[PDB]
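data02.cif follows (mmCIF, C-alpha atoms):
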```cif
data_final
#
loop_
_atom_site.label_atom_id
_atom_site.label_comp_id
_atom_site.auth_asym_id
_atom_site.auth_seq_id
_atom_site.Cartn_x
_atom_site.Cartn_y
_atom_site.Cartn_z
CA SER T 18 105.76 122.16 111.92
CA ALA T 19 103.61 119.18 110.69
CA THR T 20 103.35 118.94 106.84
CA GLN T 21 101.25 116.21 105.23
CA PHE T 22 101.28 115.52 101.45
CA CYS T 23 99.58 112.85 99.25
CA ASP T 24 100.72 113.53 95.69
CA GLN T 25 102.91 111.07 93.86
CA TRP T 26 106.08 113.20 94.11
CA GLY T 27 105.39 115.12 97.31
CA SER T 28 108.46 116.09 99.39
CA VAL T 29 109.82 118.51 102.02
CA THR T 30 113.29 119.40 103.15
CA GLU T 31 114.25 119.50 106.84
CA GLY T 32 117.72 119.97 108.20
CA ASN T 33 119.77 117.40 106.40
CA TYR T 34 116.89 115.32 105.11
CA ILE T 35 114.40 115.43 102.27
CA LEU T 36 111.38 113.33 103.08
CA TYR T 37 109.62 111.83 100.07
CA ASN T 38 106.24 110.27 99.38
CA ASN T 39 107.69 108.78 96.14
CA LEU T 40 104.75 106.75 94.84
CA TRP T 41 106.82 105.53 91.88
CA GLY T 42 104.90 102.27 91.67
CA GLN T 43 101.28 103.57 91.82
CA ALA T 44 100.52 102.45 88.33
CA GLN T 45 101.00 98.77 89.24
CA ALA T 46 98.10 98.99 91.70
CA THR T 47 94.46 98.41 90.90
CA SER T 48 93.52 100.57 93.88
CA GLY T 49 94.90 102.71 96.80
CA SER T 50 96.72 105.84 97.88
CA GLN T 51 99.31 107.05 100.36
CA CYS T 52 100.13 110.20 102.37
CA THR T 53 103.35 111.00 104.17
CA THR T 54 103.70 113.33 107.18
CA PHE T 55 106.66 115.13 108.59
CA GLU T 56 106.22 115.77 112.30
CA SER T 57 109.39 117.26 113.75
CA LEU T 58 113.14 117.55 113.59
CA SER T 59 115.42 117.75 116.56
CA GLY T 60 119.17 117.99 116.05
CA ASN T 61 119.76 115.37 113.35
CA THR T 62 116.71 113.27 114.39
CA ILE T 63 113.57 113.23 112.22
CA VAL T 64 110.08 112.04 113.32
CA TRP T 65 107.59 111.22 110.55
CA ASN T 66 105.03 108.80 109.21
CA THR T 67 103.18 107.54 106.24
CA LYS T 68 99.71 106.06 105.78
CA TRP T 69 98.50 103.94 102.96
CA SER T 70 96.27 101.39 101.39
CA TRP T 71 97.22 99.51 98.21
CA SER T 72 95.90 96.53 96.36
CA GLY T 73 96.69 94.55 93.19
CA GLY T 74 100.00 94.17 91.39
CA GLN T 75 101.11 91.16 93.44
CA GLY T 76 104.83 91.35 94.01
CA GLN T 77 105.26 94.96 92.77
CA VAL T 78 106.36 97.73 95.09
CA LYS T 79 103.97 100.63 94.97
CA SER T 80 106.22 103.19 96.62
CA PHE T 81 109.17 104.04 98.76
CA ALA T 82 108.44 106.91 101.09
CA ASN T 83 111.70 107.53 102.89
CA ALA T 84 113.91 110.05 104.56
CA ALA T 85 117.10 110.72 102.46
CA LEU T 86 120.20 112.22 103.97
CA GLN T 87 121.73 115.14 102.04
CA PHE T 88 125.48 114.93 102.10
CA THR T 89 128.54 115.23 100.00
CA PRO T 90 129.48 111.89 98.40
CA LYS T 91 132.49 109.95 99.74
CA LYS T 92 134.53 107.00 98.65
CA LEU T 93 134.01 104.02 100.89
CA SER T 94 137.71 103.92 101.75
CA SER T 95 137.49 107.38 103.27
CA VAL T 96 134.32 106.75 105.31
CA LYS T 97 135.01 106.52 109.13
CA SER T 98 131.39 105.81 110.09
CA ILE T 99 127.73 105.78 109.17
CA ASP T 100 126.08 105.79 112.63
CA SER T 101 122.24 105.44 112.47
CA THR T 102 119.43 105.03 114.99
CA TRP T 103 115.91 104.05 113.98
CA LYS T 104 112.77 103.21 115.82
CA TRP T 105 109.59 102.31 113.87
CA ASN T 106 106.17 100.74 114.12
CA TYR T 107 103.57 99.34 111.70
CA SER T 108 99.87 98.95 112.15
CA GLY T 109 96.93 97.99 109.90
CA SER T 110 95.39 95.00 108.09
CA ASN T 111 96.93 92.34 105.80
CA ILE T 112 100.27 94.14 105.47
CA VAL T 113 102.86 93.18 102.81
CA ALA T 114 105.74 95.69 102.97
CA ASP T 115 109.35 96.04 103.90
CA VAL T 116 111.16 98.48 106.18
CA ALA T 117 114.58 99.19 104.81
CA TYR T 118 117.62 101.32 104.43
CA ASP T 119 118.48 101.87 100.79
CA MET T 120 122.08 102.96 100.12
CA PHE T 121 123.48 103.56 96.67
CA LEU T 122 126.99 103.45 95.22
CA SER T 123 128.51 105.00 92.11
CA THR T 124 131.85 105.20 90.30
CA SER T 125 131.83 109.03 90.41
CA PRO T 126 130.07 111.49 92.79
CA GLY T 127 127.48 112.50 90.14
CA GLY T 128 127.36 109.17 88.34
CA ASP T 129 124.55 106.68 87.89
CA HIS T 130 123.91 104.04 90.57
CA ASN T 131 125.75 100.81 89.85
CA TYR T 132 125.17 99.26 93.29
CA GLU T 133 122.39 99.16 95.72
CA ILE T 134 122.54 97.93 99.28
CA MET T 135 119.40 97.38 101.28
CA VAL T 136 119.07 96.55 104.92
CA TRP T 137 115.68 95.21 105.83
CA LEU T 138 114.71 95.51 109.48
CA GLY T 139 111.22 94.39 108.53
CA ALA T 140 109.80 91.81 106.12
CA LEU T 141 106.06 91.85 106.62
CA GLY T 142 103.45 89.57 105.07
CA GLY T 143 105.58 87.94 102.39
CA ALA T 144 107.50 90.92 101.06
CA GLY T 145 110.46 89.53 99.06
CA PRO T 146 113.74 90.99 97.87
CA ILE T 147 115.48 91.14 94.53
CA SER T 148 117.34 87.87 94.14
CA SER T 149 118.41 85.81 91.13
CA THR T 150 117.85 82.46 92.78
CA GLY T 151 115.23 83.49 95.37
CA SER T 152 117.62 82.02 98.04
CA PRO T 153 120.31 83.51 100.23
CA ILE T 154 123.92 83.61 98.99
CA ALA T 155 124.95 83.84 102.66
CA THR T 156 123.69 84.32 106.19
CA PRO T 157 126.16 86.78 107.80
CA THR T 158 125.83 88.57 111.14
CA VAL T 159 126.47 92.31 110.71
CA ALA T 160 126.01 95.11 113.24
CA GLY T 161 124.87 92.50 115.80
CA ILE T 162 121.95 91.12 113.69
CA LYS T 163 121.74 87.87 111.71
CA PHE T 164 120.84 88.46 108.07
CA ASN T 165 119.81 86.43 105.10
CA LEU T 166 121.77 88.00 102.20
CA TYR T 167 120.39 88.24 98.67
CA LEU T 168 121.82 89.38 95.38
CA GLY T 169 120.20 90.20 92.05
CA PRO T 170 119.98 92.83 89.36
CA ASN T 171 117.24 95.48 89.07
CA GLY T 172 117.19 98.54 86.86
CA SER T 173 120.74 98.80 85.58
CA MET T 174 122.26 98.02 89.02
CA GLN T 175 123.21 95.06 91.16
CA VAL T 176 121.26 94.90 94.48
CA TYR T 177 122.55 93.31 97.66
CA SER T 178 119.77 92.91 100.23
CA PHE T 179 120.38 92.12 103.89
CA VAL T 180 117.15 90.80 105.29
CA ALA T 181 117.03 90.44 109.05
CA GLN T 182 115.93 86.99 110.26
CA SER T 183 113.82 88.58 113.06
CA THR T 184 111.69 91.63 112.62
CA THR T 185 113.59 94.43 114.32
CA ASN T 186 111.78 97.65 115.11
CA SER T 187 114.59 99.20 117.22
CA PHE T 188 118.15 99.61 115.93
CA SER T 189 121.34 101.57 116.62
CA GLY T 190 124.58 100.90 114.72
CA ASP T 191 127.38 101.73 112.35
CA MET T 192 126.03 101.21 108.78
CA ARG T 193 129.62 100.86 107.64
CA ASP T 194 129.66 97.28 108.81
CA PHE T 195 127.60 96.24 105.77
CA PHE T 196 130.25 97.71 103.46
CA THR T 197 133.18 96.34 105.46
CA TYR T 198 131.45 92.98 105.00
CA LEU T 199 130.93 93.24 101.23
CA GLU T 200 134.40 94.55 100.54
CA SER T 201 135.75 91.69 102.47
CA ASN T 202 133.49 88.75 101.51
CA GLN T 203 131.82 89.66 98.19
CA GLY T 204 134.52 91.61 96.29
CA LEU T 205 132.92 95.03 96.54
CA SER T 206 135.37 97.76 95.61
CA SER T 207 136.11 100.42 98.26
CA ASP T 208 137.04 102.91 95.52
CA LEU T 209 133.30 103.38 94.92
CA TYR T 210 131.39 106.45 96.20
CA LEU T 211 128.52 106.30 98.72
CA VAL T 212 126.00 108.71 97.08
CA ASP T 213 122.53 108.20 98.69
CA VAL T 214 121.44 106.97 102.18
CA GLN T 215 117.67 106.60 102.45
CA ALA T 216 115.44 104.93 105.09
CA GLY T 217 111.71 104.13 104.67
CA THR T 218 109.17 101.47 103.79
CA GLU T 219 108.21 99.65 100.52
CA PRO T 220 104.63 98.47 100.53
CA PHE T 221 103.11 95.80 98.24
CA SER T 222 99.54 95.68 99.64
CA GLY T 223 97.30 96.18 102.67
CA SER T 224 94.69 98.63 104.10
CA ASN T 225 94.85 101.30 106.82
CA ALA T 226 98.56 100.89 107.21
CA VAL T 227 100.38 103.38 109.32
CA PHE T 228 104.15 103.34 109.40
CA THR T 229 105.35 105.46 112.32
CA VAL T 230 108.98 106.48 112.56
CA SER T 231 109.25 107.88 116.06
CA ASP T 232 112.92 108.66 115.56
CA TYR T 233 115.43 108.25 112.75
CA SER T 234 118.94 109.63 112.35
CA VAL T 235 121.97 108.98 110.22
CA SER T 236 125.21 110.74 109.57
CA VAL T 237 128.09 110.07 107.19
CA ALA T 238 131.40 110.69 108.92
#
```
As a first step, turn the structure in this file into structure tokens.
Amino acid sequence: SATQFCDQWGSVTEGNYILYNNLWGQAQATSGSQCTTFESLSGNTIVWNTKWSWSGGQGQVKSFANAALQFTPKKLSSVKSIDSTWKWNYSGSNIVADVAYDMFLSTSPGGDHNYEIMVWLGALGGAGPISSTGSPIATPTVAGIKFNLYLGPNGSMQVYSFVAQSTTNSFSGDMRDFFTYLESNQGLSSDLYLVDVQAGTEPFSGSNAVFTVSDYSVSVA
């Protein structure tokens, strides 16, 4: 049943997901808060939302409330598919935020993250990715959608970010296409392990925002 939590590290586990509030970037805000709500789970499909207002810390992410799939890590070369379906909606005033998959690679199943791959379905109000130059390295079409592709370091990782050219609130596709692409056109090794697949939103600022995920699923086959 419905479970709503507002604390910085609030979470709940449902089927194969852990849903996180994950306010890691609170301290870069002058003002604001955020609560996340699990609604329901149906087969491998989760329905949830989060609500927030944030201000200050221009250009800093305040949080990344997301649903994370719980699975056993797999080398990319042994992955047949990562089918996902996602429908979302945003409302509220002066929104600066992204809506994104965040998928992480490592050299061993328990190892640190050396790569990060993001897939932005949504770039609202100026939200910008990690990038060394600020400009695309490429503009590939993957899983039927045209992307601007960015690359840059953050933490102790390299981050590739696929940012859709049109805001895209409905999506169904094989997330493996993004890896096929990188292995093929950017030298990414397929010997690496997929170790985290997370989907949510990263807000920078706004008031009375409501991010509504009316269905989300993913599976690693």
| task | Please evaluate the PyMOL selection byres ((chain T and resi 166) around 12) against the displayed coordinates and give the resulting residues as an NGL selection string. | result | :T and (134-137 or 145-159 or 162-165 or 167-169 or 176-182 or 195 or 198-199 or 202-203)
| task | Considering all atoms listed in the file, return as a PyMOL selection string whatever protein or nucleic-acid residues lie within 7 Å of segment 110-126 of chain T, sequence-local ones (same chain, fewer than 3 positions apart) excluded. | result | chain T and resi 90+129-144+209-226
Output of the above residues as a short mmCIF file (atom, residue, chain, number, x, y, z; two decimals), in the coordinates of the input, restricted to C-alpha atoms:
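Output below, filename selection-v9.cif:
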```cif
data_model
loop_
_atom_site.label_atom_id
_atom_site.label_comp_id
_atom_site.auth_asym_id
_atom_site.auth_seq_id
_atom_site.Cartn_x
_atom_site.Cartn_y
_atom_site.Cartn_z
CA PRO T 90 129.48 111.89 98.40
CA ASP T 129 124.55 106.68 87.89
CA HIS T 130 123.91 104.04 90.57
CA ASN T 131 125.75 100.81 89.85
CA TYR T 132 125.17 99.26 93.29
CA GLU T 133 122.39 99.16 95.72
CA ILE T 134 122.54 97.93 99.28
CA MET T 135 119.40 97.38 101.28
CA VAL T 136 119.07 96.55 104.92
CA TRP T 137 115.68 95.21 105.83
CA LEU T 138 114.71 95.51 109.48
CA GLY T 139 111.22 94.39 108.53
CA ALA T 140 109.80 91.81 106.12
CA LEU T 141 106.06 91.85 106.62
CA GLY T 142 103.45 89.57 105.07
CA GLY T 143 105.58 87.94 102.39
CA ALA T 144 107.50 90.92 101.06
CA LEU T 209 133.30 103.38 94.92
CA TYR T 210 131.39 106.45 96.20
CA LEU T 211 128.52 106.30 98.72
CA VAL T 212 126.00 108.71 97.08
CA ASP T 213 122.53 108.20 98.69
CA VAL T 214 121.44 106.97 102.18
CA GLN T 215 117.67 106.60 102.45
CA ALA T 216 115.44 104.93 105.09
CA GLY T 217 111.71 104.13 104.67
CA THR T 218 109.17 101.47 103.79
CA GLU T 219 108.21 99.65 100.52
CA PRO T 220 104.63 98.47 100.53
CA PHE T 221 103.11 95.80 98.24
CA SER T 222 99.54 95.68 99.64
CA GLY T 223 97.30 96.18 102.67
CA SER T 224 94.69 98.63 104.10
CA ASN T 225 94.85 101.30 106.82
CA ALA T 226 98.56 100.89 107.21
#
```
| message | I'd like the neighbourhood of segment 39-53 of chain T as number ranges by chain, where a residue qualifies if any of its atoms comes within 7 Å (using only C-alpha atoms), though same-chain residues fewer than 2 positions away should be ignored. | response | T: 21-23, 25-27, 37, 55, 66-74, 77-82
| field | Close residues, residue 32 of chain T itself excluded, 9 Å, only C-alpha atoms, min 6 positions apart in chain, as a PyMOL selection string | value | chain T and resi 58-61+63+87
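For the pair atom CA of residue 56 of chain T and atom CA of residue 28 of chain T, the separation is 13.1 Å.
Take atom CA of residue 107 of chain T and atom CA of residue 57 of chain T: the distance between them is 19.0 Å.
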